[PDB]
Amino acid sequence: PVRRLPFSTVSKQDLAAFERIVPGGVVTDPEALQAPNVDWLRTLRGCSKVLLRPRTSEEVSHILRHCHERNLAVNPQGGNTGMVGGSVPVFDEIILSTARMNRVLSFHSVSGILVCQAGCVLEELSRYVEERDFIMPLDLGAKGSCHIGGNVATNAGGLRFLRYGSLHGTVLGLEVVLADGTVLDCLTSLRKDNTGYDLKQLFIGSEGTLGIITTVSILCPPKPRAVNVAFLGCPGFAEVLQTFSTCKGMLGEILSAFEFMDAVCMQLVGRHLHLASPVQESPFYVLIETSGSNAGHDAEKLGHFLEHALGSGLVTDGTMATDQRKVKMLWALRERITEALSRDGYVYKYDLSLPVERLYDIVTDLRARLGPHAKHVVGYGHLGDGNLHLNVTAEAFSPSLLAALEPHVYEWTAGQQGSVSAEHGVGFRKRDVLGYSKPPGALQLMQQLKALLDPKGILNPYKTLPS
């Protein structure tokens, strides 16, 4: 298995130092510590004996200063919604939670620049800015629990990535605490600033291996005056792809989301979540969202788009909604897919970037490769961004079924020059499969960067670079 690196252990003196550093922010009770040690998928559990919950950036700096001198490994944790085992300890690394770093520092109603602490939950940030007629540039099904610091640390994609793009573009500045406790202030709240290297980009997608994000500056797009969502049934994946091409051609700049899900996904969300399908039974379903400034113009685009899609046979049945209650219910069919799979049994999860034309080929293949040993096999995700979420469910974990999935799925993906982790990141699960998507020379530079910023390696060990 994996072996524990020669870190120190948490002593009584360390617990006393943490109570001094974070008064009332030291949890050592083993039953309370059980939940933060187990990941969201509940397939990994650490043996951490202390979870620290600082309130301020200075406290985070001082904690790591103490941990750097004492050589104690630290596992930063936000909402603990990560999918790659990066959010929980492997052995006894101190859990540093951002749960109390949940304050908004400022929001400028003209520029739409938000400055807030890393532990602010994304949905509450969305409600804050939408009260001021702006929106967050990303949204995910984990919005209710995931923290913005975790989102930046994982470079979270999400459901509006098609419209607003990466956090690499939307993060304007970061405050980061490094492994030795130096608070690196790169918290520029400016749209444009070319005064040296864009150091904050290193920490976007680094997953707490190069430093702990404590404050985030984010560009909030304006809240759209008109939001429409269309939910369509397609008779095949070829029609889904041409529907997407027609979608870009006819809706254009107002398109804010394009998601797909197969029939089995719809069945699972119907079975486990009791959500009736709003369309005719189809092999594939598509969720399109539009955001724009003129409701009348957006209605014309979508109407003419829909007229052509049904007329040319790309869509068999579809429905549309503008009412906020109904719009959210259609989104629920997509956002809650992840919940229904993990409740269906053991989930074999694969998050792949592939050529959009070949996005679903692996799902048909794995249904053929995997006999009755797979309970269900589903494919869905962000088709507009080339993102497939490949999931296999079974009654329980099987080494035989794992051997059929791996390395086959990773070799398939590499054959398409694709990404084995499009969005969710590397963490513990995918640390040894980066060669499928990254060349050795790139991986070495990541290691040299790690040694520069965290030479003792106390920040998220066993993560997220190869051994």
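For clarity, a rigid core is taken as the largest C-alpha set superposing within 1.5 Å between two forms. One rule holds for the numbers: they count along the sequence shown, beginning at 1.
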Revision key, fill the gap. 136-144 or 371-379, the stretch lying farther from the shown form in 5 other deposited structures of this protein by root mean square CA distance over structures and residues, after core fitting, is 371-379
Study note, to complete from the structure: As the entry reports it, the stretch among 169-177 and 315-323 with higher mean C-alpha B factor is 315-323
Exercise for review: Read off the CA B-factors in the entry, average them over 209-217 and over 187-195, and name the higher stretch.
Suggested key: 187-195
Revision key, fill the gap. From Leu232, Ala142, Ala276, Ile94, the top C-alpha temperature factor is at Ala276
Review point. Which one, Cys120, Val110, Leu255, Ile135, has the peak C-alpha temperature factor per the PDB entry?
Key: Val110
Exercise for review: Among all modelled residues of this chain, ranked by Cα B factor, put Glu131 in the bottom, middle or top third, i.e. lowest, middle or highest.
Suggested key: highest
Practice item. Would you please rank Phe260 by its C-alpha temperature factor against the other modelled residues of its chain and give the third it falls in: lowest, middle or highest? Key: lowest
Study note, to complete from the structure: Sorting the chain's modelled residues by C-alpha B-factor and splitting them into thirds places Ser8 in the middle
**Study point:** Third assignment of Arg70 from its chain's C-alpha B-factors
**Key:** middle
Study note, to complete from the structure: The third of the chain into which the C-alpha temperature factor of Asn155 falls is the lowest
